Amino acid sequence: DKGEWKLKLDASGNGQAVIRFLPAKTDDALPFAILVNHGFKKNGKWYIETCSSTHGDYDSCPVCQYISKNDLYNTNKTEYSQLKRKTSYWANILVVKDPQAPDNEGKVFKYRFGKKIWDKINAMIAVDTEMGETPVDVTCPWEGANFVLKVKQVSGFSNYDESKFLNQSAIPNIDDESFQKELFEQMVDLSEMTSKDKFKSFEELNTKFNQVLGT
């Protein structure tokens, strides 16, 4: 009821589903949105904000400024790991199979994910064409491929190692214009996730950052 789809886990902490990453909503759009941010707690307070480096602006981020000016990477590894920028991704997807919530099947939602899954998408296209490997754009409605989402609790964390892409396949009914029109219709504007309004001014961030660090 918000537009975002999530994999629902069981008591054991297991989850599986089949999703289909969708292509760019428009010709000048991208199938993925890249977002960077910071998230850490200090003095009983949380600093959870987007990082202006998402669009190459490190100056407008107080954390990056702090990390850099204090050479934390070299003077305090620990602190560095806690405060370092974190990259995630957004995409539009078509839920194929969702055992835990069958009502999602056949619908389009925005889906967020990390490097572990992003690499699987890229490993499909960044192949060795010198050895004859066939690249595959998994987001193509005709020659893309469904992705099986598998989660398992490993060492207390959600592990996605078993997630993988299946064989290439065209989306069913994709040739039907009405279906195709509705599919792209339900896709949300991914650039919206990285627009200017998603970043607070430097002064506001710095103010919050300082209260979190106690300055």
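One-based numbering along the sequence shown.
- When the C-alpha B-factors of 176-184 and 143-151 are averaged, 176-184 comes out higher.
- When the mean C-alpha temperature factors of 198-206 and 11-19 are read from the deposited coordinates, 11-19 comes out higher.
- Within the group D119, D128, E105, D137, the record's highest C-alpha temperature factor is found at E105.
- Based on the entry's C-alpha B-factors, the most elevated value among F32, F40, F157, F165 belongs to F157.
- When the modelled residues of the chain are ordered by C-alpha B-factor, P99 sits in the highest third.
- Ranked by C-alpha B-factor against the other modelled residues of its chain, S88 falls in the lowest third.
- Among all modelled residues in this chain, the alpha-carbon of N70 has a temperature factor (C-alpha) in the highest third.
- In this PDB entry, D59 carries a Cα temperature factor that places it within the middle third of its chain's modelled residues.
- Per the PDB record, residue ranking by Cα B-factor puts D27 in the highest third of the chain.
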